[PDB]
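Peer 1:
There are 2 protein chains.
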Amino acid sequence: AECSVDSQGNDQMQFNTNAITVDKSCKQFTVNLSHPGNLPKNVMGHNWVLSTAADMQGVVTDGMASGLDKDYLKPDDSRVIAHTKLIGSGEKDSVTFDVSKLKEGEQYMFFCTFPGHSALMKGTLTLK
Amino acid sequence: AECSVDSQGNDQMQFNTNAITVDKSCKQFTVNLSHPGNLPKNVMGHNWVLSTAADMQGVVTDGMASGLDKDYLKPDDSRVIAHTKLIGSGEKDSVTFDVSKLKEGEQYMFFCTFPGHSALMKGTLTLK
Ligand SMILES: [Cu+2]
Ligand SMILES: [Cu+2]
């Protein structure tokens with residue numbers, strides 16, 4: 001805990017939070033994502049993807065085009081700071097990343113890239 | 001147009017209209033649904049479903065429980081007044097229903113029951 005947060009993507013197409021702050025003392029930060037619900041990945045999969053607020057749009061749009069087999073992420077997208085995989089219900093994944101990749105004074109956004117989901121499944125992240 | 005309306009459901013989970021006025025001189029009313037875009041039915045499928053504003057929530061919950069193969073509509077649901085099938089991009093479907101099944105002063109909603117889409121794809125239908 002302290003440098004980790006548990007996140008949930010449900011069958012209603014929402015995340016349980018919309019603002020995560022990363023404490024400057026953390027060397028690494030972990031996101032544990034679970035998918036409560038009953039629906040399969042192909043109709044209601046979720047991932048936790050991080051980028052800057054300004055890159056988000058590019059990542060969601062190139063992710064959408066890559067398709068379900070690339071977990072709707074462009075392979076080696078260098079706008080992507082960190083991402084989990086695309087999980088279906090009852091599945092779980094965790095991503096740990098370097099806090100050094102964040103810089104204080106920049107807005108980040110986490111979001112899901114499964115088509116249409118970022119309209120509700122998104123939140124701000126900031127290093128503080 | 002005369003006793004019919006054309007409706008579109010696109011890749012960003014939006015219907016092109018959000019209010020339909022059926023007119024009382026119509027014995028029947030037709031809604032012609034189409035889906036602009038490129039995503040298939042299992043990612044961005046849409047249907048047009050009508051029920052009272054009061055029954056929409058159960059129709060949505062039971063719908064989501066029916067599965068993709070049942071087009072996310074509970075078969076022979078008593079509360080659905082008219083519905084198209086679920087369609088992906090490039091697919092088209094229509095429904096004609098009799099205007100005697102709507103009464104004056106009752107509030108009706110049209111909506112899409114594909115998981116997560118109702119919160120964003122819905123509108124009111126009025127007998128005038
Ligand atoms: Cu999602
Ligand atoms: Cu829909």
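Chain order of the listed sequences is C and A.
Using the deposited numbering, count along the first sequence one by one with no gaps and you end on 128.
Using the deposited numbering, count along the second sequence one by one with no gaps and you end on 128.
We treat Cβ as the ideally placed atom computed from N, Cα and C, and that holds for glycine.
Could you tell me whether any Cβ in chain A is nearer than 8 angstroms to the Cβ of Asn-47 of chain C?
Peer 2: no
Peer 1: Can you name the residues of chain A whose CB is closer than 7 angstroms to the CB of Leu-39 of chain C?
Peer 2: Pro-115
Peer 1: Any contact of the stretch 37 to 49 of chain C with the stretch 8 to 21 of chain C, i.e. 3+ C-beta pairs under 8 angstroms?
Peer 2: yes
Peer 1: Between the Cα of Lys-24 of chain A and those of A:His-35, A:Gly-105 and A:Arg-79, spot the shortest distance and give me the residue it belongs to.
Peer 2: A:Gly-105
Peer 1: What separation, rounded to the nearest whole angstrom, lies between the Cα atoms of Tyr-108 of chain A and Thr-96 of chain A?
Peer 2: Cα-Cα distance, rounded: 16 angstroms.
Peer 1: How about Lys-41 of chain C and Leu-86 of chain C: are their beta carbons less than 8 angstroms apart?
Peer 2: Between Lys-41 of chain C and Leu-86 of chain C, the CB-CB gap stays under 8 angstroms.
Peer 1: Are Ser-89 of chain A and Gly-37 of chain A touching if we call contact CB-CB under 8 angstroms?
Peer 2: yes
Peer 1: Ordered along the chain, which non-local residues of its own chain (more than five positions away) have a Cβ less than 7 angstroms from that of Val-99 of chain C?
Peer 2: Here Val-99 of chain C has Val-22, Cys-26, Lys-27, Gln-28, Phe-29 and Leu-127 as same chain residues with Cβ atoms under 7 angstroms from its own Cβ, once five neighbours each way along the sequence are excluded.
Peer 1: When the cut-off is 8 angstroms and only beta carbons count, does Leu-33 of chain A lie next to chain C?
Peer 2: no
Peer 1: In whole angstroms, give me the CA-to-CA distance for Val-49 of chain C and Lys-103 of chain C.
Peer 2: Cα to Cα, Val-49 of chain C sits roughly 17 angstroms from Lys-103 of chain C.
Peer 1: Comparing the C-beta of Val-43 of chain C with each C-beta of chain A, is any distance below 8 angstroms?
Peer 2: yes
Peer 1: In chain A, which residues lie less than 7 angstroms from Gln-12 of chain C when you measure between Cβ atoms?
Peer 2: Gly-116
Peer 1: Under the assumption that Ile-81 of chain A contacts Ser-51 of chain A (Cβ atoms under 8 angstroms), give the Cβ distance between them as a whole number of angstroms.
Peer 2: At roughly 6 angstroms, the Cβ-Cβ gap stays under 8 angstroms, so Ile-81 of chain A and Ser-51 of chain A are in contact.
Peer 1: Taking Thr-113 of chain A as the reference, which of A:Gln-14, A:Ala-1, A:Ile-20 and A:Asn-32 has the closest Cα?
Peer 2: Taking each of A:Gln-14, A:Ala-1, A:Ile-20 and A:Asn-32 in turn and checking the Cα distance to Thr-113 of chain A, the smallest one comes out for A:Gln-14.
Peer 1: Tell me the DSSP secondary structure of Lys-92 of chain C in three-state form.
Peer 2: strand
Peer 1: Is there a Cβ of chain A sitting closer than 8 angstroms to that of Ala-119 of chain C, yes or no?
Peer 2: yes
Peer 1: What I want to know is whether the C-beta of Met-64 of chain A ends up closer than 7 angstroms to one or more non-hydrogen atoms of ligand 2.
Peer 2: no
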